[PDB]
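Protein chains in written order, with the authors' numbering: chain lG, 2 to 249, 257 to 286; chain lM, 4 to 59, 61 to 174; chain lL, 2 to 103, 111 to 208; chain lV, 2 to 166; chain ld, 2 to 61. Here a beta-carbon is modelled for each residue, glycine too, at the ideal position from N, C-alpha and C.
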Amino acid sequence: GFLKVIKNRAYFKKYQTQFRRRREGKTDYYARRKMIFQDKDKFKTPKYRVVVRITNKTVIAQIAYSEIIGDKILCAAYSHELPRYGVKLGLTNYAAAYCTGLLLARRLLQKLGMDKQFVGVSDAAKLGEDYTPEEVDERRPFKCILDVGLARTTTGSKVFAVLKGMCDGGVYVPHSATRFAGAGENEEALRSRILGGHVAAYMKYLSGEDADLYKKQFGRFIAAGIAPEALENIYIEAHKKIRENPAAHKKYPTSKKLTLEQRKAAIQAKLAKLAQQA
Amino acid sequence: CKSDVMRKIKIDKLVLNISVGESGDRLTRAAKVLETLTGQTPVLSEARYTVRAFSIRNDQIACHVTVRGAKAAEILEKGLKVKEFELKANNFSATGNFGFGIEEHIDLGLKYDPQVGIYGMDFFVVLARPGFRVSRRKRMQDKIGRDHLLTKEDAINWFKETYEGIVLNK
Amino acid sequence: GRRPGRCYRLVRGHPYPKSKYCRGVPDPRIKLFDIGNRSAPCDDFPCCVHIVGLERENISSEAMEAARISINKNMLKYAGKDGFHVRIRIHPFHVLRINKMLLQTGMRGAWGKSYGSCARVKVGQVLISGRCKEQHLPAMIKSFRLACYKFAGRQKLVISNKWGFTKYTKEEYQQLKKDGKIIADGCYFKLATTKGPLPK
Amino acid sequence: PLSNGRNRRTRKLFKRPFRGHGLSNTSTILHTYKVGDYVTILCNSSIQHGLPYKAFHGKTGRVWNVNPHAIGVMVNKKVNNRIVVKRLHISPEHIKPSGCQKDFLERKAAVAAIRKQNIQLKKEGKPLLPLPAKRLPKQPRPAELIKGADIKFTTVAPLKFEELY
Amino acid sequence: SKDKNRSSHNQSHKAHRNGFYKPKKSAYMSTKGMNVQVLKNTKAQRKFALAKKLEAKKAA
RNA sequence: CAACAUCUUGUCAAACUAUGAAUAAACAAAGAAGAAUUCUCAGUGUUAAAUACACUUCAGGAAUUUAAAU
RNA sequence: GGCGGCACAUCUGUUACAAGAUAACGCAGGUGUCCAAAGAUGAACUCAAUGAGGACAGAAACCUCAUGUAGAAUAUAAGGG
RNA sequence: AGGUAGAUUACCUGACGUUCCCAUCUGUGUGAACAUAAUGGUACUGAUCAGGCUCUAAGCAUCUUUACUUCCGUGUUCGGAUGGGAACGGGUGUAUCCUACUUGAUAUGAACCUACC
């Protein structure tokens, strides 16, 4: 019928497929070749970036520098090793996103060897104020760059919590404190969110509205016995237990490829069935 | 434990536009009715091309608004109750959506004035399944599979089950 | 009137098609390029005789319409409307220019206005080709020789051993027809395609 | 008669390669050019800022100075009857690493491998190896036998004419 | 009285009488416009070697 | 009838083009002075710090081999 | 020679001959301007068109879904991006 | 086997049906708070009731496309060179370079770094 199908072989010949990792919608190539172009007078000096990605259950943070063969990863601290440090549930919140940033910074500094002169902040009162690391003696801080990928930089985004842990952990990341959970109100608004403030105020409110909604939203919280008042002191102990020790099969074959001889023999059977049908 | 729970055709949108051919004055009242009917401020749509036969480029022409979920479920009943669920079989697009157009806004007769006039309306319903987000997310935006996508027949049965509407092939 | 044919015979200049840059070209004198019974199947007419041009020149569009008329009148009179298929295989895609000079006029300081249309041929390029049954071949070779008198230069009539406008010889078309590699389209054949999905 | 534009006669000289539009690679901005390297200039019409003159497209030059965002490249330009030295500053997007010395830099390795053995054979007293033979044009082939057990013959004669119509 | 506007006849055989004057090897060794950081390291060392060379000359 | 799709057919483009010769253009085939190897080695920077890297008469200096590279 | 025109300063495509230069009163055209945004930067989004649908509404008004390698737009002439 | 970041950017693309998901990724419930718009659809944030339904990924087909190889074809064209042929038009011979469309056979990936299984 009246088709005018614009898919014909005259249309594929002129086709120009995009870059592979852009065809999947995973890499913004226009704004990646700006985090990778190092000054040409620095010959093969690595340019580290912090690759922050949030899945449905895990907060991924890696420190990577590019190469012609492929991007190389220096250090990586996921958020599924938090159960080792105490945090058992809610591994994707704003508070657990600060821990993995702090977990990475202290894991990186221990690996390089600058964990003694770069301590950052350690107390709980100063968790809400921006801390930019400074030159120590004659040794500059480690310098990275946040690579948020395809995530909008809204005023309270989690990806700047991972940045928050880095600068408070010692590693220097260039930033401005106008996109944290603060950037307004006060520092305690940011401090509360780093310590599960926005989560504790939920169950102290849902438990007062409906006891079945509380079961639905926080089913695994109640069974573990984590009362809302205990979130501040489980995250604080997590930070204390990260600094003191941050230093870090089965295969299922699926389909296999059909060989040429089997491929050509199938057609002959299909042709024979077609011929024997008439 | 069958995965049939992940094919529940649901109403995820409903658009009501009042395409009046005049800019302002009359249009501003066409937004007021859509405010009471839906509860959210509507948008204004401007002309795409200027045609002398229609007295129309940047001038506001129509006003449409979208509702979803519970709020759009009840307004679908009102538009159907006017038609008494007698929707023609040619009202279903091959993409799985169906629509209909009413002429008089019934609204509320308690506070009604002749100043506003009588404005027609168009109802358009978009159906979906759990998993349609893969074509609307920002990261890894993809295309839904053809087996998961709705059909003209798939939309007919949904309308012939929940509302028990009778489809006329006239 | 019209300039002598010897003025625009040698092929000179870059090709000058009618386009948006060359506006105002008189239409070609020929409009019907295929004459005879164009809907006859391929197997009906096996005998094919060509006209081959042996000079590099511009066969003007006035020499195709004047030649198509001669073949049509001398083939309907001898064979019949249903007994032949003659196809002109040159189209007038070149525009000759003329600088009409009126001595109270400009000197050689201007370009030329469009004159007509001609087709650039070369050596060994078939101009006109036809197919007909065996019983009417002598009545078409005679008509083709009469049509050469309206062309310029040297033309050679070649009796091809191939089929009716196909590429296979008069016997290879029989081999491919009996095997099943030939499928008709009403006027031409189609090869049996051994590529693409297997049908049901 | 042409014009005096900077980028004149560039319908096919600046046109991108077929199905090569859009962004360049990521090794274009990641190769490391050091002073003294042989690089090839190749004007990139996608990036207008800093486009080198169309007369240097495809010329081969020596990197003389590496600046933070641009690579100095010097080439020889021909004038009325003298050859001058041109000193451009091309961004890495508009230049490509020339492999003119691809053959030469593999001859050096072969000689260096041999010379490494000669410093060990001499120390231990063994007869040192001879250097690789130099390159010569295709020399006249010598005389070689042909067996009569795996041979076959095909008569060659002028072909009888077959008509093409 | 018109004339011939231009002709490249003989203009290339003229240039090959005295052949293409290649540039001397001193033309390839200019250090003008080089990296300002590189030119400050090279200056800072040439001054250092010269100071230690002239002091040794004065000692003897 | 037509019109719209689709599979073929005949013929074209200086201001159309996928592919694309021959002839050409500009490089290399060993001149901080004809190569190389080993040891030692400093000044400024880059760097998170360098023993990495860059420039410094292949900074400099001392031994052994070496005239070879269409 | 005059009258006509600007080939007198200048740009795009072609004649132009796959490096550079390259003629005719050769061809098809363009400039003596326009812009506080039509400069700079960040973020979001995808365009012309077609198919299917929705009162008046139809070949053209507004809306939804699917396809859509740029067939849109980018101040202008053309060629590039 | 899976996720994150990649390099080469169709052997990677498009259409038709397919096979597992134990971990992982995705889809999935929701809107109090930063944040978001006409719509918690998008982005944002909080979470774990179910799911392999679409993703993603592994495979299929005389699959369009695309990437190598042969053939097409020494046929097109061309560098060099007559006191060679022709009234022209054009086209030999010699010493040489040598395409393209098509078609036929093959292929539908490779690899680099960190984590978990």
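- Query: Taking the alpha helix (DSSP H) that lG:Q276 falls in, what are its first and last residues?
  - Reply: Numbered from 1 along the first sequence, position 268 holds the residue referred to as residue 276 of chain lG. Per DSSP, lG:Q276 belongs to the alpha helix (DSSP H) from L268 to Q284.
- Query: So with Cβ pairs under 9 Å, would you call lV:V67 a contact of chain lG?
  - Reply: Position 66 of the fourth sequence holds residue 67 of chain lV. Judged by the 9 Å Cβ criterion, lV:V67 is in contact with chain lG.
- Could you please tell me which residues of the stretch 27 to 44 of chain lV, in chain order, have their CB closer than 8 Å to any CB of chain lG? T27, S28, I30, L31, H32, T33, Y34 and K35
- Message: So within the stretch 13 to 95 of chain lL, which uninterrupted beta strand (DSSP E) runs reach at least 3 residues, ignoring any that extend past its ends?
- Response: 35 to 37, 48 to 54, 59 to 61 and 85 to 89
- For the alpha helix (DSSP H) that contains lG:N234, what are its first and last residues? Within the first sequence, the letter at position 233 stands for residue 234 of chain lG. Taken as a continuous stretch (DSSP letters only), the alpha helix (DSSP H) holding lG:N234 covers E233 to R244.
- Start and end of the beta strand (DSSP E) containing lL:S168? In the third sequence, the residue the question calls residue 168 of chain lL occupies position 160. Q163 to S168 is the extent of the beta strand (DSSP E) around lL:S168.
- Task: Assign lM:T31 to one of three DSSP states: helix, strand, or coil.
- Result: Indexing the second sequence from 1 puts residue 31 of chain lM at position 28. Residue state, collapsed to three classes: helix.
- Query: Taking 9 Å as the CB-CB limit, is lG:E25 close to chain lV?
  - Reply: Taking the first residue of the first sequence as 1, we reach residue 25 of chain lG at position 24. It does not; no Cβ of chain lV falls within 9 Å.
- Query: Which residue or residues does DSSP assign as beta-bridge partners of lL:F197?
  - Reply: As a first step, residue 197 of chain lL must be located in the third sequence, where it is residue number 189. Answer is lL:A192.
- Message: Distance cutoff 9 Å, beta carbons only. Does lG:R33 sit that close to anything in chain lM?
- Response: Taking the first sequence and counting its residues from 1, the one referred to as residue 33 of chain lG is at position 32. The C-beta of lG:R33 comes no closer than 9 Å to any C-beta of chain lM.
- So, are the CB atoms of lL:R88 and lL:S137 less than 9 Å apart? What you label residue 88 of chain lL is simply residue 87 of the third sequence in a count that begins at 1. What you label residue 137 of chain lL is simply residue 129 of the third sequence in a count that begins at 1. Yes, these two residues count as a Cβ contact at 9 Å.
- Query: Start and end of the beta strand (DSSP E) containing lV:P98?
  - Reply: Reading the fourth sequence from its first residue, position 97 is the one you call residue 98 of chain lV. Unbroken beta strand (DSSP E) run through lV:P98: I96 to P98.
- Message: DSSP three-state label for lL:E179, please.
- Response: Stepping through the third sequence from its first residue, residue 179 of chain lL is reached at position 171. In the three-state reduction of the DSSP assignment, lL:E179 falls in the coil class.
- Minimum Cβ-Cβ distance from lM:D146 to chain lG less than 9 Å: Residue numbering aside, residue 146 of chain lM sits at position 142 when the second sequence is read from its first letter. Interface residue, yes.
- Query: When DSSP labels each residue in this structure, what does lV:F162 get in the three-state scheme?
  - Reply: Residue mapping note: residue 162 of chain lV aligns to position 161 of the fourth sequence, counting from 1. Residue state, collapsed to three classes: coil.
- Query: Looking at chain lV, which residues of the stretch 112 to 136 of chain lL have a Cβ within less than 7 Å of any of its Cβ atoms?
  - Reply: Within the stretch 112 to 136 of chain lL, no residue has a Cβ lying closer than 7 Å to any Cβ of chain lV.
- Cβ of lG:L151 within 9 Å of any chain lM Cβ: Here residue 151 of chain lG corresponds to residue number 150 of the first sequence, with the count starting at 1. Residue-level contact by beta carbon holds for lG:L151 and chain lM, with a gap shorter than 9 Å.
- Message: With a threshold of 7 Å on Cβ separation, who are the neighbours of lV:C44 within its own chain once the five nearest residues in sequence on each side are excluded?
- Response: Position 43 of the fourth sequence, counted from the start, is the residue given in the question as residue 44 of chain lV. Around lV:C44: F15, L52, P53, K55, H58 and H95.
- Sort lM:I14, lM:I122 and lM:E165 by Cα distance to lM:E78 and report the nearest one. Along the second sequence, one-based indexing puts residue 78 of chain lM at 74. Put simply, of lM:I14, lM:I122 and lM:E165 the residue whose alpha carbon is nearest the alpha carbon of lM:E78 is lM:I14.
- Task: Identify, in the order they occur along the chain, each residue of the same chain with its Cβ nearer than 6 Å to the Cβ of lG:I74, setting aside the five sequence neighbours on each side.
- Result: Along the first sequence, read from residue 1 onward, the residue named residue 74 of chain lG stands at position 73. Here the set comprises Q63 and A65.
- Excluding the five sequence neighbours on either side, which residues of its own chain have a C-beta within less than 7 Å of the C-beta of lL:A67, listed in chain order? What you label residue 67 of chain lL is simply residue 66 of the third sequence in a count that begins at 1. The residues are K158.
- Length of the line joining the Cα atoms of lG:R271 and lG:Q284: For the purposes of this step, residue 271 of chain lG is taken as residue 263 along the first sequence, with counting starting at 1. For the purposes of this step, residue 284 of chain lG is taken as residue 276 along the first sequence, with counting starting at 1. One C-alpha to the other measures close to 20 Å.
- Query: Once you ignore the five residues that flank lL:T174 on each side, which residues in its own chain have a CB closer than 7 Å to its CB?
  - Reply: Working through the third sequence from its first residue, we reach residue 174 of chain lL at position 166. Within the same chain, lL:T174 has close Cβ partners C43, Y181 and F197.
- Would you call the CB atoms of lM:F127 and lM:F163 closer than 9 Å? For the purposes of this step, residue 127 of chain lM is taken as the residue at position 123 of the second sequence. For the purposes of this step, residue 163 of chain lM is taken as the residue at position 159 of the second sequence. No, the pair does not count as a contact, with Cβ atoms beyond the cut-off.
- Item | Test: lM:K164 CB closer than 9 Å to a CB of chain lG | Here residue 164 of chain lM refers to the residue found at position 160 of the second sequence. So no, lM:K164 is outside the interface.
- Item | lV:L132 burial status per 10 Å Cβ neighbour count (16 or more: buried) | Numbered from its first residue, the fourth sequence carries residue 132 of chain lV at position 131. Classification for lV:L132: exposed.
- Task: Tell me the start and end of each unbroken alpha helix (DSSP H) in the stretch 82 to 118 of chain lG that is at least 4 residues and wholly inside, in chain order.
- Result: 83 to 86 and 95 to 113
- Task: Inspect the CB distances between the stretch 190 to 207 of chain lL and the stretch 26 to 36 of chain ld and report whether three or more fall short of 8 Å.
- Result: no
- Message: Does any residue of chain lV have a CB that is nearer than 9 Å to the CB of lG:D40?
- Response: Here residue 40 of chain lG corresponds to residue number 39 of the first sequence, with the count starting at 1. Chain lV, which has a Cβ nearer than 9 Å to the Cβ of lG:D40, makes this yes.
- Message: One question on the structure: do lL:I52 and lL:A155 come within less than 9 Å of each other, judged by their Cβ atoms?
- Response: Taking the third sequence and counting its residues from 1, one reaches residue 52 of chain lL at position 51. Taking the third sequence and counting its residues from 1, one reaches residue 155 of chain lL at position 147. In contact: lL:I52 and lL:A155 (Cβ atoms closer than 9 Å).
- Using a Cβ-Cβ distance under 9 Å, would lV:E145 count as near chain lL? Working through the fourth sequence from its first residue, we reach residue 145 of chain lV at position 144. Under the Cβ criterion of 9 Å, lV:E145 is not counted among the residues facing chain lL.
- With a cut-off of 8 Å on the beta carbons, I'd call lG:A96 and lG:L196 a contact; round off their distance for me. Mapped onto the first sequence, residue 96 of chain lG falls at position 95. Mapped onto the first sequence, residue 196 of chain lG falls at position 195. So it is a contact: roughly 6 Å between Cβ atoms.
- Message: Does chain lV have any CB closer than 9 Å to the CB of ld:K44?
- Response: Counting from 1 along the fifth sequence, the entry for residue 44 of chain ld is found at position 43. Not an interface residue.
- Comparing the C-beta of lL:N169 with each C-beta of chain lV, is any distance below 9 Å? Here residue 169 of chain lL corresponds to residue number 161 of the third sequence, with the count starting at 1. Output row for lL:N169: interface = yes.
- Message: Here's the rule I'm using: 16 or more other beta-carbon atoms within 10 Å means buried, otherwise exposed. How should lV:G100 be labelled?
- Response: Walking along the fourth sequence from the start, residue 100 of chain lV turns up at place 99. Exposed is the call here.
- Message: Against chain ld, does lV:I84 count as a neighbour if the rule is that its beta carbon must be under 9 Å from one of theirs?
- Response: Counted from its first residue, the fourth sequence places residue 84 of chain lV at position 83. True, the Cβ-Cβ gap to chain ld drops below 9 Å.
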